*Asks:* 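Sharing a structure here in structure tokens format.
Lettering follows sequence order; numbering is per chain, from 1.
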Amino acid sequence: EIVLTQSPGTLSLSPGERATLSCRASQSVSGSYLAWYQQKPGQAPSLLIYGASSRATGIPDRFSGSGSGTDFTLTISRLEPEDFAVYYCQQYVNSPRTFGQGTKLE
Amino acid sequence: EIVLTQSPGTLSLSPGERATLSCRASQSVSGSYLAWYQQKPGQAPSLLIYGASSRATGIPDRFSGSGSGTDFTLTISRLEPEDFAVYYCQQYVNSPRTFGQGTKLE
Amino acid sequence: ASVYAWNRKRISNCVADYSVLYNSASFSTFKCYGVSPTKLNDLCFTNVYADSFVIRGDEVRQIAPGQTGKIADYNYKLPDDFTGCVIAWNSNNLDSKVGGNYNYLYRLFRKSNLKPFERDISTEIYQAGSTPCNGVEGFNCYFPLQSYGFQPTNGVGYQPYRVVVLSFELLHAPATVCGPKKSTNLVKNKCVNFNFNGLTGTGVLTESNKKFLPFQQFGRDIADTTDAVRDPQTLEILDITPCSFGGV
Amino acid sequence: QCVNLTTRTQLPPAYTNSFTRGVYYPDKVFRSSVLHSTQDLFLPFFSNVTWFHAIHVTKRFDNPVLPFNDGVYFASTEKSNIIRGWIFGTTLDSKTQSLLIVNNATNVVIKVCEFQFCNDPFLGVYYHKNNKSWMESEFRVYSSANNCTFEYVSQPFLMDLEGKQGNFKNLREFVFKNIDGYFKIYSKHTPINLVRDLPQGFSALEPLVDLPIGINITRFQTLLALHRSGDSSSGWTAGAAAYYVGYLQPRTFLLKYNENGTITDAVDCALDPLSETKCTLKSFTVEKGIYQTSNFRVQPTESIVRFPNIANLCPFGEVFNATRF
Amino acid sequence: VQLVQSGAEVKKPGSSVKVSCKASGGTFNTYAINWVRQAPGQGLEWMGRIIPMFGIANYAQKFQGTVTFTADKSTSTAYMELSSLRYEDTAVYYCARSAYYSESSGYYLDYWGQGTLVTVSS
Amino acid sequence: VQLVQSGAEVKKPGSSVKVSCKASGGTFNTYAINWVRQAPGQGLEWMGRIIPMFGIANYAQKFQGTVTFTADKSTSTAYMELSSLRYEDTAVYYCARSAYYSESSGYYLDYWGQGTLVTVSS
Ligand SMILES: *[C@@H]1O[C@H](CO)[C@@H](O)[C@H](O)[C@H]1NC(C)=O
Ligand SMILES: *[C@@H]1O[C@H](CO)[C@@H](O)[C@H](O)[C@H]1NC(C)=O
Ligand SMILES: *[C@@H]1O[C@H](CO)[C@@H](O)[C@H](O)[C@H]1NC(C)=O
Ligand SMILES: *[C@@H]1O[C@H](CO)[C@@H](O)[C@H](O)[C@H]1NC(C)=O
Ligand SMILES: *[C@@H]1O[C@H](CO)[C@@H](O)[C@H](O)[C@H]1NC(C)=O
Ligand SMILES: *[C@@H]1O[C@H](CO)[C@@H](O)[C@H](O)[C@H]1NC(C)=O
């Protein structure tokens, strides 16, 4: 079972700058089988990225992945106040599609 | 080839007021590729500014550029007696990079 | 080597330990094209070309067949018909130096794209303006070769990956490089399907007193049928006789 | 860099017959105490061989270019083996990759790469009076190399590289065959005690090595190395060198096999009716008696065509290029 | 495209419940539906997936034997059944999309419903 | 960071001379080296640049054929050779460093050496 640990648990602290959110796994993510999610408070998560860097419909390309092997990046180039939301990871490689613990949680 | 003529060639004495020593070029300086230099007597020139107004390490921000096109300004808040060195201009464009003739030569 | 000066070595006239590389698994990316990680890797190769170059982690994806980018179009192009493997592994300890190591260079801009095996070592300054550069670096003239600047404390995307592109064409007529071929053990004194060095047959093996010449593998007696064969595993000559049969 | 030799006198090649020479094992298959008949490229018995001789006794180097047949026999009678390889390249100008054999005292290297080979190929070895050593200081054969299709290397071997004059102690037999862009070299060593005579000895040549040239090849060259005690091109000492070149022609050949598996003896069925009846009988001895050997037929001089041609030209253009179909 | 969720359930402990995720037209046949727990003040846990066309439901080791997944091919509605309300089973269950195919090997959660809050009461 | 160079040259007219600007560690590879004439009682004249890593030296029209630029990758030392001492060649030669890379502001002489005096005598 491939566990995921998000490393910056509360780096955001109401951030006004570009971020470097991370995810790391016990066995290397094979074939970029990872995704990110946008969970605005009081609402359901919304898909942000798939593969390693492939973007999503209706989500601006300012959200940028940059991962390989232990896929680890979600980079908001210009951060927007409405965009604030706990961000989750999920690996559909070997795992029973398990998630991380959340990186931008208050 | 580009030519440069510095306009205030020489100030014999120190009254300490700010002097707006200038540089002008036959063809307008492109992308502001010009730098000023401090050549104290008996010593080598020291970089004072680069670009149009970007300052230098270890040189106080009292030295201020204010140029565009034919880049033409290096200003100082007050003229120190010790800080009375000949100031040169060198373009770093693809031309031979031949310096001006100096604006503070006794 | 640096990416612009991609270094090539020719792997010729040797058997190759393809299996052990897979066993090591020290490589983050093992994207193989055409040959695949299979028995097809462990077979005859006409020529093996090895190319080494230290590139950005983010640019590893670019050096795949039918992909475009700065590294792809200005430093090392990729065959669209590429048959071979692309390996990227982290060299963060080895290839990053404190305060940055600025010895590995890359070509940000070049006049045109490059051929699949083009090694441009030219130092001529790229010109983007109406003014000829004339060997002085100025406005409208920007040096093509820029230094990546790997740093020890940096993201792995900004950390070095040593890349050893291995080109294997699949015609295999010269067969200069081959795999181990999975040699087995000897099982004599019983009827067995034998295949010593490429001749499939049925029969029982026994000790042979015949002395084969060094350039001879298998022997044929009168009426042109196999009689003795030399296994090259331990240069041993063994007599082939049919196992027992007869009418009832 | 190539510099050609100068002052070398040229004489027409002598004509000698080569009989029961140049036969090689047809296949790698081992045969013990079996008489085997096979059709393969073989030197015909009593074949004319061009004789190029280098004798110090201007100085008679004779190493000309020779056309490459499908099978080539290269018997060399040399005590010190002054010859150092051959160039199996058609162009010789770096246009195509060419097999090169070079023998040096330090190492022996075989290559199949394009090189700017010289018009006349030679290897120069120099001797010093104060210190006794022989080394090759001239590498005319190696010039600039472009991108190469295949690369080959050979194990280092040490040879005397010293010119000798006298009776040839040993004879080296070489068979060169190229099939489907793959080159086969056959090597034999036989001791001889003849000043310049070709002896009456049967020889069987084992395949030394097999190399893929990878290109169509129609021409080969011979490299002769010189030994010297100014300018090198003007003056040199040949030594005693004799080499014979013959061309293989496909023939049915009857070969004896001993218990060892080496060919005991071989005979050429085609030259002699007695030999052909031997091969039909499958024994080296003919039984007394008349035996139906082959069939005789006459081939024709020309071709007579006897169908008249009409002056009118067929209107296929009318049918094919018609306005309306 | 829209996957409206059932309302909050007033379930006394030990009493079973079945959620009602509602699929829009064309949603069940093409893509799979997957269930995530989203426990209160905590992360997301993958309960399992449902392919409605083939009726195949596979669960994780943790949730096996505790939850039942059913889907209705007609009326296009997705259901999740809780065997009984254990004390930790309080959560905000979510139903989302999947791909379950070859060419698209990305089995990510495309669109998520509003969610259903189960607890001891309201 | 420190670029100690040659100080003064005792060269009779027509006799060649070589200058010995010394680069500190990490200076030669990252930065190019530039030469400025600084003629006596006169201005500063850009002679040219040495790119040490790739051994590239390009000169202005005036100084072409009269001066030679060389740099030693090992020992990190910059050299300038004067073909012969012409009468006007008297000067205070200077060595300075600029960055060839366009991704960092460059081509302007960051730091300078002490200066090399060539004359008829001392
Ligand atoms: C076969 O393998 C063994 C063990 O590696 C080795 O000792 C032996 O020399 C090999 N035989 C040949 C013909 O290479
Ligand atoms: C010599 O070789 C030629 C072929 O070039 C052949 O016609 C001739 O019969 C041979 N023998 C003599 C004695 O000329
Ligand atoms: C000694 O031998 C070497 C190698 O053959 C040769 O280069 C050299 O000229 C000889 N003589 C002397 C005096 O060294
Ligand atoms: C060999 O490859 C080089 C590398 O691109 C190429 O420039 C050249 O045209 C090729 N052919 C020859 C004959 O050199
Ligand atoms: C050999 O000649 C044939 C002529 O039909 C040509 O098609 C082929 O390309 C040639 N091979 C090489 C290696 O040049
Ligand atoms: C093989 O050759 C040897 C000579 O080396 C001979 O004595 C022997 O009789 C030959 N035949 C065999 C071993 O059958």
Side-chain angles (χ1 to χ4, degrees), chain A residues 25 27-34 51-54 67-71 91-94, chain C residues 1 3 6-12 14-69 71-73 75-91 115-117 156-157 160-180, chain E residues 102-106:
Chain A
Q27 309 95 22
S28 190
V29 182
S30 314
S32 315
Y33 272 50
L34 195 148
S53 62
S54 315
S68 282
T70 44
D71 297 13
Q91 76 284 3
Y92 53 102
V93 55
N94 200 332
Chain C
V3 70
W6 56 265
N7 187 24
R8 173 164 280 183
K9 203 267 171 186
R10 173 182 276 261
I11 298 296
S12 64
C14 50
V15 181
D17 268 0
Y18 283 125
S19 54
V20 305
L21 62 87
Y22 299 112
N23 302 335
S24 64
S26 311
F27 53 81
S28 50
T29 76
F30 204 59
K31 290 198 263 298
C32 291
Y33 317 101
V35 177
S36 314
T38 46
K39 193 57 209 55
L40 321 167
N41 200 355
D42 200 298
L43 64 89
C44 309
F45 281 141
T46 73
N47 315 283
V48 173
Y49 287 162
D51 276 329
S52 64
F53 44 87
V54 179
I55 73 178
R56 167 178 288 272
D58 284 341
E59 299 298 271
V60 167
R61 299 179 293 267
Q62 293 196 355
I63 192 48
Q67 186 142 352
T68 52
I71 299 313
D73 71 351
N75 294 271
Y76 191 53
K77 190 77 67 68
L78 53 87
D80 53 316
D81 47 354
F82 187 51
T83 63
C85 291
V86 164
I87 63 165
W89 83 90
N90 200 23
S91 43
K115 192 263 290 179
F117 305 144
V156 57
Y161 283 176
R162 283 165 169 192
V163 183
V164 186
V165 159
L166 268 177
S167 176
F168 309 150
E169 56 267 17
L170 266 74
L171 72 162
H172 74 68
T176 197
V177 168
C178 311
Chain E
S102 174
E103 60 258 9
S104 162
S105 63

*Asks:* Verify side chain to side chain contact (heavy atoms under 4.5 Å, CB included) between C/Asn47 and C/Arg10, making sure each step is shown before the conclusion.
*Replies:* CA-CA 7 Å; C/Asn47 315 283; C/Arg10 173 182 276 261; 2.5 Å; yes

*Asks:* Please answer whether the main-chain N or O of C/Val35 pairs with a side-chain N or O of C/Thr38 as donor and acceptor at a distance below 3.5 Å.
*Replies:* yes

*Asks:* How many angstroms lie between NZ in C/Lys77 and CD1 in C/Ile63, if you round to the nearest 0.5 Å?
*Replies:*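 Answer rounded to 0.5 Å: 9.5 Å.
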
*Asks:* Return the minimal non-hydrogen interatomic distance between C/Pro65 and C/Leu78, and the atom names on each side.
*Replies:*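 Result for this residue pair: CA-CD1, 3.8 Å.
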
*Asks:* Do C/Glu169 and C/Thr83 get their side chains close enough for a donor-acceptor pair, meaning under 3.5 Å?
*Replies:* no

*Asks:* Yes or no on side chain to side chain contact (heavy atoms under 4.5 Å, CB included) for C/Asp51 and C/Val164, after CA distance, side-chain angles and deciding distance?
*Replies:* CA-CA 5 Å; C/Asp51 276 329; C/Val164 186; over 6 Å; no

*Asks:* Looking only at heavy atoms, which two atoms of C/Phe117 and C/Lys115 are closest? And how far apart?
*Replies:*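 Closest pair (atom of C/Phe117, atom of C/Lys115, distance): O-NZ, 2.7 Å.
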
*Asks:* For residues 14-21 of chain C, which side-chain donor-acceptor pairs fall under 3.5 Å, sequence neighbours excluded?
*Replies:*
none

*Asks:* Please work out whether the ring planes of C/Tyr76 and C/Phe53 are parallel, tilted or perpendicular, with thresholds of 30° and 60°.
*Replies:* tilted

*Asks:* Among C/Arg56, C/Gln62, C/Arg61, find the one that has a side chain to side chain donor-acceptor pair (under 3.5 Å) with C/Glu59.
*Replies:* C/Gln62

*Asks:* Would you call C/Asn41 and C/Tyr22 a side-chain contact if the rule is heavy atoms closer than 4.5 Å?
*Replies:* yes

*Asks:* What's the shortest heavy-atom distance between C/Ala1 and C/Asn7, and which atoms?
*Replies:* CB-CB, 3.8 Å

*Asks:* Run the ring-centre check on C/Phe168 versus C/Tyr49 and record whether the distance is less than 6.0 Å.
*Replies:* no

*Asks:* Quick one, C/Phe82 and C/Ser167 - any side-chain contact, counting heavy atoms below 4.5 Å?
*Replies:*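 Side-chain contact under 4.5 Å: yes.
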
*Asks:* About how many Å separate OG of C/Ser36 and NZ of C/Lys39, when rounded to the nearest 0.5 Å?
*Replies:* 13.0 Å

*Asks:* Which pair of heavy atoms, one from C/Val54 and one from C/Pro160, lies closest together, and at what distance?
*Replies:*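 Nearest heavy atoms, C/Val54 then C/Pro160: CG1-CB, 3.7 Å.
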
*Asks:* In Å, rounded to the nearest 0.5 Å, how long is the span from OG of A/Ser28 to CG of A/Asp71?
*Replies:* 7.0 Å

*Asks:* C/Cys178 and C/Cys44: disulfide (SG to SG under 2.5 Å), yes or no, with the steps?
*Replies:* CA-CA 4 Å; C/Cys178 311; C/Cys44 309; 3.6 Å; no

*Asks:* Using side chain to side chain donor-acceptor pair (under 3.5 Å) as the criterion, list what pairs up with C/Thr176, not counting sequence neighbours.
*Replies:*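 Only C/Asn13 meet the side chain to side chain donor-acceptor pair (under 3.5 Å) criterion with C/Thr176.
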
*Asks:* For the side chain of C/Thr46 and the backbone of C/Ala175, is there at least one donor-acceptor N/O pair under 3.5 Å apart?
*Replies:* no

*Asks:* Does the side chain of C/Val177 reach to within under 4.5 Å of the side chain of C/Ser12, using non-hydrogen atoms?
*Replies:*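 No - every pair of side-chain heavy atoms lies 4.5 Å or more apart.
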
*Asks:* Between atom CZ of C/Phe30 and atom OG of A/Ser30, what is the distance when rounded to the nearest 0.5 Å?
*Replies:* 13.5 Å

*Asks:* For A/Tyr33 and A/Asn94, test the side chains for any donor-to-acceptor distance below 3.5 angstrom and give the result as yes or no.
*Replies:* no

*Asks:* Is there side-chain contact between C/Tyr161 and C/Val156, with at least one heavy-atom pair below 4.5 Å?
*Replies:* yes

*Asks:* Quick one: CZ on C/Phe45 to CG on C/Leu166, what's the gap to the nearest 0.5 Å?
*Replies:*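 Answer for the CZ-CG pair, C/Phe45 versus C/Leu166, is 9.5 Å.
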
*Asks:* Is there side-chain contact between C/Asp58 and C/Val60, with heavy atoms separated by less than 4.5 Å?
*Replies:*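 Heavy-atom side-chain distance check fails, nothing below 4.5 Å.
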
*Asks:* Who passes side chain to side chain donor-acceptor pair (under 3.5 Å) against C/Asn90, sequence neighbours left out?
*Replies:*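 So C/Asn90 forms no side chain to side chain donor-acceptor pair (under 3.5 Å) with any residue.
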
*Asks:* Can you tell me how far the CG atom of C/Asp81 sits from the CG atom of C/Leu170, to the nearest 0.5 Å?
*Replies:*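 It comes to 11.5 Å.
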
